[PDB]
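Q: Below you'll find work.csv; it's CSV, C-alpha atoms and all ligand atoms.
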chain,number,residue,atom,x,y,z
A,50,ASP,CA,6.8,14.3,11.7
A,51,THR,CA,6.5,12.0,8.7
A,52,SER,CA,8.7,9.1,9.6
A,53,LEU,CA,6.3,7.9,12.1
A,54,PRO,CA,3.5,6.6,9.8
A,55,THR,CA,6.2,4.7,8.0
A,56,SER,CA,7.2,3.2,11.3
A,57,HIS,CA,3.8,1.4,11.9
A,58,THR,CA,4.4,2.4,15.5
A,59,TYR,CA,0.7,1.6,16.3
A,60,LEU,CA,1.7,-2.1,15.8
A,61,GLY,CA,4.7,-1.9,18.2
A,62,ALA,CA,8.6,-1.6,18.1
A,63,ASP,CA,8.5,-5.2,19.5
A,64,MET,CA,11.8,-7.0,18.5
A,65,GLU,CA,13.8,-8.4,15.4
A,66,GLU,CA,15.1,-6.3,12.4
A,67,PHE,CA,16.6,-8.2,9.4
A,68,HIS,CA,19.2,-6.1,7.5
A,69,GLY,CA,20.0,-8.9,5.1
A,70,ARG,CA,19.7,-8.5,1.4
A,71,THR,CA,18.2,-11.3,-0.7
A,72,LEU,CA,18.0,-10.6,-4.4
A,73,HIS,CA,17.6,-13.0,-7.3
A,74,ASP,CA,18.7,-12.6,-11.0
A,75,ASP,CA,17.4,-11.8,-14.4
A,76,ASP,CA,15.0,-14.3,-16.0
A,77,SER,CA,15.6,-16.5,-12.9
A,78,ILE,CA,12.8,-18.9,-12.1
A,79,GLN,CA,12.0,-19.0,-8.4
A,80,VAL,CA,9.6,-20.7,-6.0
A,81,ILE,CA,8.0,-18.4,-3.5
A,82,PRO,CA,5.1,-19.1,-1.2
A,83,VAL,CA,1.9,-17.1,-1.7
A,84,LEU,CA,0.2,-15.8,1.5
A,85,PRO,CA,-3.4,-16.7,1.0
A,86,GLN,CA,-5.2,-13.6,2.4
A,87,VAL,CA,-3.1,-10.8,0.8
A,88,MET,CA,-5.1,-9.2,-2.1
A,89,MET,CA,-3.1,-6.0,-2.5
A,90,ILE,CA,-1.0,-5.1,-5.6
A,91,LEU,CA,2.6,-4.4,-4.5
A,92,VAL,CA,5.5,-2.6,-6.2
A,93,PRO,CA,9.3,-2.7,-5.6
A,94,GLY,CA,10.0,-0.3,-2.5
A,95,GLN,CA,6.3,-0.4,-1.3
A,96,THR,CA,6.0,-1.4,2.4
A,97,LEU,CA,3.5,-4.1,3.5
A,98,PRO,CA,2.5,-4.8,7.2
A,99,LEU,CA,0.7,-7.9,8.2
A,100,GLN,CA,-1.0,-9.5,11.2
A,101,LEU,CA,-1.2,-13.3,10.7
A,102,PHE,CA,-3.8,-14.8,13.2
A,103,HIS,CA,-4.0,-18.3,11.5
A,104,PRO,CA,-1.7,-21.3,12.5
A,105,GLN,CA,-0.6,-22.5,9.0
A,106,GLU,CA,0.2,-18.9,7.9
A,107,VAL,CA,2.0,-18.4,11.3
A,108,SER,CA,4.1,-21.5,10.4
A,109,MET,CA,5.2,-20.6,6.9
A,110,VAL,CA,6.1,-17.0,7.9
A,111,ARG,CA,8.1,-18.5,10.8
A,112,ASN,CA,10.0,-20.9,8.5
A,113,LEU,CA,10.6,-17.9,6.2
A,114,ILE,CA,12.6,-16.0,8.8
A,115,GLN,CA,14.8,-19.1,8.9
A,116,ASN,CA,15.1,-19.3,4.9
A,117,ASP,CA,15.1,-16.0,2.7
A,118,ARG,CA,12.2,-13.9,4.3
A,119,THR,CA,10.8,-13.5,0.8
A,120,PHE,CA,7.4,-14.4,-0.5
A,121,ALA,CA,5.3,-13.6,-3.5
A,122,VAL,CA,2.6,-10.9,-3.8
A,123,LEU,CA,0.3,-11.7,-6.6
A,124,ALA,CA,-1.2,-8.9,-8.7
A,125,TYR,CA,-4.6,-10.3,-9.0
A,126,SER,CA,-6.7,-9.5,-12.0
A,127,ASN,CA,-10.0,-11.0,-10.8
A,128,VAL,CA,-9.1,-11.7,-7.1
A,129,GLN,CA,-12.4,-13.5,-6.4
A,130,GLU,CA,-10.7,-16.2,-8.6
A,131,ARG,CA,-7.1,-15.9,-7.5
A,132,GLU,CA,-6.4,-14.8,-11.2
A,133,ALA,CA,-2.9,-13.3,-11.5
A,134,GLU,CA,-0.1,-13.2,-14.1
A,135,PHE,CA,2.3,-10.8,-12.4
A,136,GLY,CA,3.4,-10.0,-8.9
A,137,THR,CA,6.3,-8.7,-6.8
A,138,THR,CA,8.4,-10.6,-4.2
A,139,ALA,CA,8.2,-9.4,-0.6
A,140,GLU,CA,11.2,-9.6,1.7
A,141,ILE,CA,10.5,-9.3,5.4
A,142,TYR,CA,12.5,-6.6,7.2
A,143,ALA,CA,10.8,-6.5,10.7
A,144,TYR,CA,9.1,-9.1,12.8
A,145,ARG,CA,7.4,-10.0,16.0
A,146,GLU,CA,5.9,-13.0,18.0
A,147,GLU,CA,2.8,-12.4,20.2
A,148,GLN,CA,0.2,-14.4,22.0
A,149,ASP,CA,-3.4,-13.6,22.6
A,150,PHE,CA,-5.9,-16.3,23.7
A,151,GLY,CA,-3.2,-19.0,23.4
A,152,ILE,CA,-3.3,-18.0,19.7
A,153,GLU,CA,0.2,-17.4,18.5
A,154,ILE,CA,0.3,-14.1,16.6
A,155,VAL,CA,2.8,-12.7,14.2
A,156,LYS,CA,3.3,-9.1,13.2
A,157,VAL,CA,5.6,-8.4,10.2
A,158,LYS,CA,6.7,-5.6,8.0
A,159,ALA,CA,7.8,-6.4,4.4
A,160,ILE,CA,8.9,-4.5,1.4
A,161,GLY,CA,8.6,-5.0,-2.4
A,162,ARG,CA,11.8,-6.1,-4.2
A,163,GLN,CA,11.4,-7.7,-7.5
A,164,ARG,CA,8.7,-8.2,-10.0
A,165,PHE,CA,8.0,-11.4,-11.9
A,166,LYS,CA,5.6,-13.1,-14.3
A,167,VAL,CA,3.5,-16.0,-13.0
A,168,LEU,CA,4.5,-19.3,-14.6
A,175,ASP,CA,-0.4,-28.9,2.9
A,176,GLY,CA,-2.3,-26.3,0.9
A,177,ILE,CA,0.3,-23.6,1.2
A,178,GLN,CA,0.3,-22.7,-2.6
A,179,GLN,CA,3.7,-22.1,-4.2
A,180,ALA,CA,4.2,-19.9,-7.3
A,181,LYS,CA,6.9,-20.6,-9.9
A,182,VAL,CA,7.9,-17.2,-11.2
A,183,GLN,CA,10.3,-15.7,-13.8
A,184,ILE,CA,11.9,-12.7,-12.1
A,185,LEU,CA,11.5,-9.8,-14.6
A,186,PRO,CA,14.6,-7.6,-15.4
A,187,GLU,CA,15.1,-4.0,-14.2
A,250,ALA,CA,14.6,10.0,-19.1
A,251,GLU,CA,15.1,13.0,-16.8
A,252,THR,CA,12.7,14.8,-19.1
A,253,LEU,CA,9.7,12.8,-18.0
A,254,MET,CA,10.7,12.9,-14.3
A,255,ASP,CA,10.7,16.7,-14.4
A,256,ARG,CA,7.3,16.8,-16.1
A,257,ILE,CA,6.0,14.4,-13.4
A,258,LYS,CA,7.8,15.9,-10.4
A,259,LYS,CA,6.3,19.2,-11.6
A,260,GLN,CA,2.6,18.2,-12.0
A,261,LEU,CA,3.0,16.6,-8.6
A,262,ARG,CA,4.0,20.0,-7.3
A,263,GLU,CA,0.6,21.2,-8.7
A,264,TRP,CA,-1.2,18.7,-6.5
A,265,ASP,CA,0.6,19.1,-3.1
A,266,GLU,CA,3.3,21.8,-2.9
A,267,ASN,CA,5.1,19.7,-0.3
A,268,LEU,CA,6.2,17.2,-3.0
A,271,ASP,CA,13.9,15.6,-0.7
A,272,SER,CA,10.6,13.6,-0.5
A,273,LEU,CA,11.1,12.0,-4.0
A,274,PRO,CA,13.6,9.4,-5.3
A,275,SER,CA,16.2,10.2,-7.9
A,276,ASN,CA,16.8,7.0,-9.9
A,277,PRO,CA,14.6,6.8,-13.0
A,278,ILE,CA,13.9,3.1,-11.9
A,279,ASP,CA,12.9,4.1,-8.3
A,280,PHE,CA,10.9,7.2,-9.1
A,281,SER,CA,8.8,5.2,-11.5
A,282,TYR,CA,7.7,2.9,-8.7
A,283,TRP,CA,7.1,5.7,-6.2
A,284,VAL,CA,4.7,7.1,-8.7
A,285,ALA,CA,3.2,3.6,-9.4
A,286,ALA,CA,2.5,3.1,-5.7
A,287,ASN,CA,1.1,6.6,-5.0
A,288,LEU,CA,-1.2,7.4,-7.8
A,289,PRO,CA,-5.0,7.1,-7.2
A,290,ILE,CA,-5.6,4.7,-10.1
A,291,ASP,CA,-7.7,1.7,-11.0
A,292,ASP,CA,-6.0,-1.5,-9.9
A,293,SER,CA,-6.3,-2.1,-13.7
A,294,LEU,CA,-3.8,0.7,-14.2
A,295,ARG,CA,-1.6,-0.4,-11.3
A,296,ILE,CA,-1.2,-3.8,-13.1
A,297,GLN,CA,-0.6,-2.1,-16.5
A,298,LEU,CA,2.3,-0.3,-14.8
A,299,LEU,CA,3.9,-3.4,-13.3
A,300,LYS,CA,3.7,-5.2,-16.7
A,301,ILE,CA,6.0,-2.4,-18.2
A,302,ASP,CA,9.6,-3.7,-18.4
A,303,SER,CA,11.3,-0.2,-18.8
A,304,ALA,CA,11.6,2.7,-16.4
A,305,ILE,CA,11.3,5.3,-19.3
A,306,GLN,CA,8.4,3.6,-20.7
A,307,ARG,CA,6.9,3.3,-17.1
A,308,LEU,CA,7.4,7.1,-16.6
A,309,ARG,CA,5.7,7.8,-19.9
A,310,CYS,CA,2.6,5.8,-19.0
A,311,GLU,CA,2.5,7.6,-15.6
A,312,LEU,CA,2.4,11.1,-17.0
A,313,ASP,CA,-0.3,9.9,-19.4
A,314,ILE,CA,-2.3,8.5,-16.4
A,315,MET,CA,-1.9,11.6,-14.2
A,316,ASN,CA,-3.1,13.5,-17.4
A,317,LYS,CA,-6.4,11.7,-17.7
A,318,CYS,CA,-7.1,11.6,-13.9
A,319,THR,CA,-10.2,13.3,-12.3
A,320,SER,CA,-12.4,13.1,-9.2
A,321,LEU,CA,-12.9,9.9,-7.1
A,322,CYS,CA,-16.6,8.8,-6.6
A,323,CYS,CA,-17.5,6.1,-4.0
A,324,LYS,CA,-17.6,2.6,-5.3
A,325,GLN,CA,-21.1,1.7,-4.2
A,326,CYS,CA,-23.3,4.4,-5.8
A,327,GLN,CA,-20.7,5.7,-8.3
A,328,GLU,CA,-22.5,9.1,-8.2
A,329,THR,CA,-21.0,11.5,-5.5
A,330,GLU,CA,-17.5,12.9,-6.0
A,331,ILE,CA,-15.7,12.6,-2.7
A,332,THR,CA,-12.4,14.3,-3.4
A,333,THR,CA,-9.8,15.1,-6.1
A,334,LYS,CA,-6.2,14.8,-7.1
A,335,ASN,CA,-5.6,18.4,-6.1
A,336,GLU,CA,-6.5,17.7,-2.4
A,337,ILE,CA,-3.8,14.9,-2.1
A,338,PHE,CA,-0.9,15.8,0.4
A,339,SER,CA,1.8,13.7,2.0
A,340,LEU,CA,2.0,13.0,5.7
A,341,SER,CA,4.6,10.2,5.3
A,342,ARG,CA,8.1,9.9,3.8
A,343,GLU,CA,7.1,6.8,2.0
A,344,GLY,CA,4.1,8.7,0.4
A,345,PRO,CA,0.6,10.0,0.4
A,346,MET,CA,-0.6,6.5,-0.2
A,347,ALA,CA,0.2,3.7,2.2
A,348,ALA,CA,-0.9,0.3,3.5
A,349,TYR,CA,-2.0,0.3,7.1
A,350,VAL,CA,-3.4,-2.6,9.1
A,351,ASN,CA,-6.2,-2.6,11.6
A,352,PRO,CA,-6.4,-4.7,14.8
A,353,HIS,CA,-8.5,-7.4,12.9
A,354,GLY,CA,-5.5,-8.0,10.6
A,355,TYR,CA,-7.0,-6.4,7.6
A,356,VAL,CA,-4.7,-4.3,5.4
A,357,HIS,CA,-6.1,-1.0,4.2
A,358,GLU,CA,-4.7,1.3,1.4
A,359,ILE,CA,-5.1,4.8,2.7
A,360,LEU,CA,-4.9,7.9,0.5
A,361,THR,CA,-4.5,11.1,2.7
A,362,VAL,CA,-6.2,14.4,1.6
A,363,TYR,CA,-7.0,17.9,3.0
A,364,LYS,CA,-10.6,18.4,1.9
A,365,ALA,CA,-13.2,15.7,1.1
A,366,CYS,CA,-16.7,16.6,0.2
A,367,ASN,CA,-20.0,14.7,0.8
A,368,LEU,CA,-18.7,12.8,3.9
A,369,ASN,CA,-20.7,12.5,7.1
A,370,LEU,CA,-19.0,11.4,10.3
A,371,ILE,CA,-20.0,8.6,12.6
A,372,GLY,CA,-19.0,8.5,16.2
A,373,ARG,CA,-16.7,10.6,18.4
A,374,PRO,CA,-13.0,10.7,17.8
A,375,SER,CA,-10.7,7.9,19.0
A,376,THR,CA,-6.9,7.3,19.1
A,377,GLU,CA,-6.5,3.6,19.8
A,378,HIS,CA,-4.3,2.0,17.1
A,379,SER,CA,-4.0,5.3,15.2
A,380,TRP,CA,-1.9,4.7,12.1
A,381,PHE,CA,-0.6,8.3,12.3
A,382,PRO,CA,0.8,9.1,15.8
A,383,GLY,CA,-0.4,12.3,17.2
A,384,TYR,CA,-3.9,12.1,15.6
A,385,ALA,CA,-7.3,10.8,16.2
A,386,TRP,CA,-9.7,9.1,13.8
A,387,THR,CA,-13.4,8.9,13.2
A,388,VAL,CA,-15.3,6.8,10.7
A,389,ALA,CA,-16.6,8.8,7.7
A,390,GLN,CA,-19.6,7.9,5.7
A,391,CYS,CA,-20.7,8.6,2.1
A,392,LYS,CA,-24.1,10.5,2.4
A,393,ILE,CA,-25.4,8.9,-0.9
A,394,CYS,CA,-25.5,5.2,0.1
A,395,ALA,CA,-24.2,5.4,3.8
A,396,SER,CA,-21.2,3.0,3.0
A,397,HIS,CA,-18.1,3.7,5.1
A,398,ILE,CA,-15.5,5.5,3.0
A,399,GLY,CA,-12.7,5.9,5.4
A,400,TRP,CA,-11.6,8.0,8.4
A,401,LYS,CA,-11.5,11.9,9.1
A,402,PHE,CA,-8.5,12.7,11.4
A,403,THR,CA,-8.0,15.4,14.2
A,404,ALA,CA,-4.5,16.1,15.9
A,405,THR,CA,-4.4,15.3,19.7
A,406,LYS,CA,-2.9,18.8,20.4
A,407,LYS,CA,-3.5,22.4,19.3
A,408,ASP,CA,0.2,22.8,18.3
A,409,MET,CA,0.1,20.2,15.4
A,410,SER,CA,-0.6,20.9,11.7
A,411,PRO,CA,-2.7,20.3,9.7
A,412,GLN,CA,-5.4,20.1,12.4
A,413,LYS,CA,-7.8,17.9,10.3
A,414,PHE,CA,-7.3,15.6,7.3
A,415,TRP,CA,-9.0,12.6,5.8
A,416,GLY,CA,-7.5,9.1,5.2
A,417,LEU,CA,-9.8,7.4,2.7
A,418,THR,CA,-9.7,3.8,1.6
A,419,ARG,CA,-8.8,3.1,-2.0
A,420,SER,CA,-11.2,0.2,-1.8
A,421,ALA,CA,-14.3,2.4,-1.5
A,422,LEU,CA,-13.4,4.8,-4.4
A,423,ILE,CA,-14.2,4.3,-8.1
A,424,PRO,CA,-12.7,7.1,-10.3
A,425,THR,CA,-15.1,9.1,-12.3
B,501,LIG,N1,-10.3,-0.7,16.9
B,501,LIG,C1,-10.8,-1.0,15.6
B,501,LIG,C2,-11.8,-1.9,15.4
B,501,LIG,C3,-12.3,-2.2,14.2
B,501,LIG,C4,-11.8,-1.6,13.0
B,501,LIG,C5,-10.8,-0.7,13.2
B,501,LIG,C6,-10.3,-0.4,14.5
B,501,LIG,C7,-9.2,0.6,14.4
B,501,LIG,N2,-9.1,0.9,12.9
B,501,LIG,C8,-8.3,1.8,12.3
B,501,LIG,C9,-8.8,3.2,12.4
B,501,LIG,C10,-7.9,4.3,11.9
B,501,LIG,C11,-6.5,4.1,12.4
B,501,LIG,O1,-5.7,5.0,12.4
B,501,LIG,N3,-6.2,2.9,13.0
B,501,LIG,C12,-6.8,1.8,12.9
B,501,LIG,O2,-6.3,0.7,13.1
B,501,LIG,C13,-10.0,0.1,12.2
B,501,LIG,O3,-10.2,0.1,11.0
B,502,ZN,ZN,-22.0,6.2,-2.0
Do you think you could lay out the structure here as structure tokens?
A:
Amino acid sequence: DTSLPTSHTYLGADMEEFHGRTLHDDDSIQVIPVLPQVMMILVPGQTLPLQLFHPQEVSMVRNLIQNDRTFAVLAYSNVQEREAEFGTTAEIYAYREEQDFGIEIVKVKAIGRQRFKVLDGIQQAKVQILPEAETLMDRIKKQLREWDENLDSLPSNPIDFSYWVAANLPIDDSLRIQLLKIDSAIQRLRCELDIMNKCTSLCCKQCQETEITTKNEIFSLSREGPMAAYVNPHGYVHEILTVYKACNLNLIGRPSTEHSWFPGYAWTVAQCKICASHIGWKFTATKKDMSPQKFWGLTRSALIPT
């Protein structure tokens, strides 16, 4: 099944689901707290799960559930210098309250809503909400067919499809930001097709020499998409692109299934042979009656396109 990765079941069903809808207006200037450790570009309709281990973060996120459940996800240009000029609001839609070592913990799931331009050290961003072609759709929903025949799994609005594509393409974060800056769906669908056009193989960040896999190997195991944010037990948020065949990847260890992001499967660290840096995880179903038996979930972070 493909709902289950989207469920972040590894975290826990726990308690608390918020079916409210909180949506601002066009050219509206808001004030939205920034969560200090999130460094991931987010996109309307893109899910984000978090484990907040730190008391101040665990206070703001608690006082959010009381207010609008909505915070700001910055689209950092430099990141090492909190440089950003766009972002997307996040609205919390699940929740949890744990305790481990007398540390109060908080597990949340959020979802992108609205983009915006960027106008007690919590840090609060004043933002201008930004405002919201079947031809191009076809020509994308096709060349997606030629990458994973599986691609029912795709949205129908020109405005939602364009974000699906923005979240699921293996592109430079530079390109992700370019796509968020676009103020039109048609225009956003036209940059996408021109990006899938000039795509190629993905070399590892560190040596920039060994191809590790290609666009053609990509395949979806989740309804939300081949690409997805999953969080480890640390609290670190990983961006995981699933594929069928990755070349030049040794394996370290012996399979495990604690905290597996995909129910039913087991993971094992993989390692670039060229510089030995950890590239992601190879997977292996826990039962001989599941398909595909073995796939890879690589990290975006480790992969520099050719
Ligand atoms: N237990 C442990 C300790 C240190 C790092 C990590 C883990 C588990 N994990 C990942 C592995 C892949 C998966 O599907 N689930 C996870 O959560 C990590 O990245
Ligand atoms: Zn390498």
Q: Could you report the residues within 10 Å of ligand ZN 502 (chain B), using only C-alpha atoms and all ligand atoms, as a PDB file with C-alpha atoms, keeping the file's coordinate frame?
A:
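Writing done, so here's out02.pdb:
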ATOM      1  CA  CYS A 322     -16.600   8.800  -6.600  1.00  0.00           C
ATOM      2  CA  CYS A 323     -17.500   6.100  -4.000  1.00  0.00           C
ATOM      3  CA  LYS A 324     -17.600   2.600  -5.300  1.00  0.00           C
ATOM      4  CA  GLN A 325     -21.100   1.700  -4.200  1.00  0.00           C
ATOM      5  CA  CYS A 326     -23.300   4.400  -5.800  1.00  0.00           C
ATOM      6  CA  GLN A 327     -20.700   5.700  -8.300  1.00  0.00           C
ATOM      7  CA  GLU A 328     -22.500   9.100  -8.200  1.00  0.00           C
ATOM      8  CA  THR A 329     -21.000  11.500  -5.500  1.00  0.00           C
ATOM      9  CA  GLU A 330     -17.500  12.900  -6.000  1.00  0.00           C
ATOM     10  CA  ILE A 331     -15.700  12.600  -2.700  1.00  0.00           C
ATOM     11  CA  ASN A 367     -20.000  14.700   0.800  1.00  0.00           C
ATOM     12  CA  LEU A 368     -18.700  12.800   3.900  1.00  0.00           C
ATOM     13  CA  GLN A 390     -19.600   7.900   5.700  1.00  0.00           C
ATOM     14  CA  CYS A 391     -20.700   8.600   2.100  1.00  0.00           C
ATOM     15  CA  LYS A 392     -24.100  10.500   2.400  1.00  0.00           C
ATOM     16  CA  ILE A 393     -25.400   8.900  -0.900  1.00  0.00           C
ATOM     17  CA  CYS A 394     -25.500   5.200   0.100  1.00  0.00           C
ATOM     18  CA  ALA A 395     -24.200   5.400   3.800  1.00  0.00           C
ATOM     19  CA  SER A 396     -21.200   3.000   3.000  1.00  0.00           C
ATOM     20  CA  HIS A 397     -18.100   3.700   5.100  1.00  0.00           C
ATOM     21  CA  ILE A 398     -15.500   5.500   3.000  1.00  0.00           C
ATOM     22  CA  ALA A 421     -14.300   2.400  -1.500  1.00  0.00           C
ATOM     23  CA  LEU A 422     -13.400   4.800  -4.400  1.00  0.00           C
TER      24      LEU A 422
END
Q: Show me, as JSON lines, the residues of chain A having an atom within 10 Å of ligand LIG 501 (chain B), each with the closest atom pair and its distance in Å, using all atoms listed in the file.
A:
{"residue": "A:54", "atom": "CA", "partner": "B:LIG501", "partner_atom": "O1", "distance": 9.7}
{"residue": "A:59", "atom": "CA", "partner": "B:LIG501", "partner_atom": "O2", "distance": 7.7}
{"residue": "A:60", "atom": "CA", "partner": "B:LIG501", "partner_atom": "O2", "distance": 8.9}
{"residue": "A:349", "atom": "CA", "partner": "B:LIG501", "partner_atom": "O2", "distance": 7.4}
{"residue": "A:350", "atom": "CA", "partner": "B:LIG501", "partner_atom": "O2", "distance": 5.9}
{"residue": "A:351", "atom": "CA", "partner": "B:LIG501", "partner_atom": "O2", "distance": 3.6}
{"residue": "A:352", "atom": "CA", "partner": "B:LIG501", "partner_atom": "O2", "distance": 5.7}
{"residue": "A:353", "atom": "CA", "partner": "B:LIG501", "partner_atom": "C3", "distance": 6.6}
{"residue": "A:354", "atom": "CA", "partner": "B:LIG501", "partner_atom": "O2", "distance": 9.1}
{"residue": "A:355", "atom": "CA", "partner": "B:LIG501", "partner_atom": "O3", "distance": 8.0}
{"residue": "A:356", "atom": "CA", "partner": "B:LIG501", "partner_atom": "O3", "distance": 9.0}
{"residue": "A:357", "atom": "CA", "partner": "B:LIG501", "partner_atom": "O3", "distance": 8.0}
{"residue": "A:359", "atom": "CA", "partner": "B:LIG501", "partner_atom": "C10", "distance": 9.6}
{"residue": "A:375", "atom": "CA", "partner": "B:LIG501", "partner_atom": "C9", "distance": 8.3}
{"residue": "A:376", "atom": "CA", "partner": "B:LIG501", "partner_atom": "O1", "distance": 7.2}
{"residue": "A:377", "atom": "CA", "partner": "B:LIG501", "partner_atom": "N1", "distance": 6.4}
{"residue": "A:378", "atom": "CA", "partner": "B:LIG501", "partner_atom": "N3", "distance": 4.6}
{"residue": "A:379", "atom": "CA", "partner": "B:LIG501", "partner_atom": "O1", "distance": 3.3}
{"residue": "A:380", "atom": "CA", "partner": "B:LIG501", "partner_atom": "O1", "distance": 3.8}
{"residue": "A:381", "atom": "CA", "partner": "B:LIG501", "partner_atom": "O1", "distance": 6.1}
{"residue": "A:382", "atom": "CA", "partner": "B:LIG501", "partner_atom": "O1", "distance": 8.4}
{"residue": "A:384", "atom": "CA", "partner": "B:LIG501", "partner_atom": "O1", "distance": 8.0}
{"residue": "A:385", "atom": "CA", "partner": "B:LIG501", "partner_atom": "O1", "distance": 7.1}
{"residue": "A:386", "atom": "CA", "partner": "B:LIG501", "partner_atom": "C10", "distance": 5.5}
{"residue": "A:387", "atom": "CA", "partner": "B:LIG501", "partner_atom": "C10", "distance": 7.3}
{"residue": "A:388", "atom": "CA", "partner": "B:LIG501", "partner_atom": "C9", "distance": 7.6}
{"residue": "A:399", "atom": "CA", "partner": "B:LIG501", "partner_atom": "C10", "distance": 8.2}
{"residue": "A:400", "atom": "CA", "partner": "B:LIG501", "partner_atom": "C10", "distance": 6.3}
{"residue": "A:401", "atom": "CA", "partner": "B:LIG501", "partner_atom": "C10", "distance": 8.9}
{"residue": "A:402", "atom": "CA", "partner": "B:LIG501", "partner_atom": "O1", "distance": 8.3}
{"residue": "A:416", "atom": "CA", "partner": "B:LIG501", "partner_atom": "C10", "distance": 8.3}
{"residue": "A:417", "atom": "CA", "partner": "B:LIG501", "partner_atom": "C10", "distance": 9.9}
Q: Determine, counting all atoms listed in the file, which protein, DNA and RNA residues have an atom within 12 Å of an atom of residue 99 of chain A; residues of the same chain fewer than 3 positions away are not included. Present the result as a ChimeraX atom specification.
A: /A:57,60,84,86-89,96,102-103,106-107,110,139,141-145,154-160,348-357
Q: Fewer than 2 positions away in the same chain doesn't count, so skip those; otherwise give me all residues within 8 Å of residue 78 of chain A, counting only C-alpha atoms, as number ranges by chain.
A: A: 76, 80, 181-184
Q: Taking 4 positions as the minimum chain separation for residues in the same chain, which residues sit within 8 Å of segment 127-136 of chain A when counting only C-alpha atoms? Answer as a VMD selection string.
A: chain A and resid 88 90 to 91 121 to 123 164 to 168 296 299 to 300
Q: At a cut-off of 10 Å, using only C-alpha atoms, what residues contact segment 303-307 of chain A? Leave out same-chain residues fewer than 4 positions from it and give the result as an MDAnalysis selection string.
A: chainID A and resid 186:187 250:254 276:282 284:285 297:299 311:312
Q: Keeping C-alpha atoms for every residue in the selection just given, could you write it to a file as a PDB file, in the frame of the given file?
A:
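Okay, this is what ended up in out29.pdb:
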ATOM      1  CA  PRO A 186      14.600  -7.600 -15.400  1.00  0.00           C
ATOM      2  CA  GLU A 187      15.100  -4.000 -14.200  1.00  0.00           C
ATOM      3  CA  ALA A 250      14.600  10.000 -19.100  1.00  0.00           C
ATOM      4  CA  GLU A 251      15.100  13.000 -16.800  1.00  0.00           C
ATOM      5  CA  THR A 252      12.700  14.800 -19.100  1.00  0.00           C
ATOM      6  CA  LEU A 253       9.700  12.800 -18.000  1.00  0.00           C
ATOM      7  CA  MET A 254      10.700  12.900 -14.300  1.00  0.00           C
ATOM      8  CA  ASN A 276      16.800   7.000  -9.900  1.00  0.00           C
ATOM      9  CA  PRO A 277      14.600   6.800 -13.000  1.00  0.00           C
ATOM     10  CA  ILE A 278      13.900   3.100 -11.900  1.00  0.00           C
ATOM     11  CA  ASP A 279      12.900   4.100  -8.300  1.00  0.00           C
ATOM     12  CA  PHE A 280      10.900   7.200  -9.100  1.00  0.00           C
ATOM     13  CA  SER A 281       8.800   5.200 -11.500  1.00  0.00           C
ATOM     14  CA  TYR A 282       7.700   2.900  -8.700  1.00  0.00           C
ATOM     15  CA  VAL A 284       4.700   7.100  -8.700  1.00  0.00           C
ATOM     16  CA  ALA A 285       3.200   3.600  -9.400  1.00  0.00           C
ATOM     17  CA  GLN A 297      -0.600  -2.100 -16.500  1.00  0.00           C
ATOM     18  CA  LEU A 298       2.300  -0.300 -14.800  1.00  0.00           C
ATOM     19  CA  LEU A 299       3.900  -3.400 -13.300  1.00  0.00           C
ATOM     20  CA  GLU A 311       2.500   7.600 -15.600  1.00  0.00           C
ATOM     21  CA  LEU A 312       2.400  11.100 -17.000  1.00  0.00           C
TER      22      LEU A 312
END
Q: Please provide as a PyMOL selection string all residues within 12 Å of residue 410 of chain A, with the sequence filter that same-chain residues fewer than 5 positions apart are discarded (counting only C-alpha atoms).
A: chain A and resi 50-51+340+363+383-384+402-405
Q: So the first atom is atom CA of residue 56 of chain A and the second is atom CA of residue 93 of chain A; what is the distance between them in Å, to one decimal place?
A: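 Computing it gives 18.0 Å between the two atoms.
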Q: For a test of reading the model, state the distance in Å between atom CA of residue 180 of chain A and atom CA of residue 119 of chain A, rounded to one decimal.
A: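 Pair atom CA of residue 180 of chain A / atom CA of residue 119 of chain A returns 12.3 Å.
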Q: In terms of the shortest atom-to-atom distance over only C-alpha atoms, which of A:138, A:319, A:55, A:112 is closest to residue 71 of chain A?
A: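 Using only C-alpha atoms, the shortest distance to residue 71 of chain A belongs to A:138.
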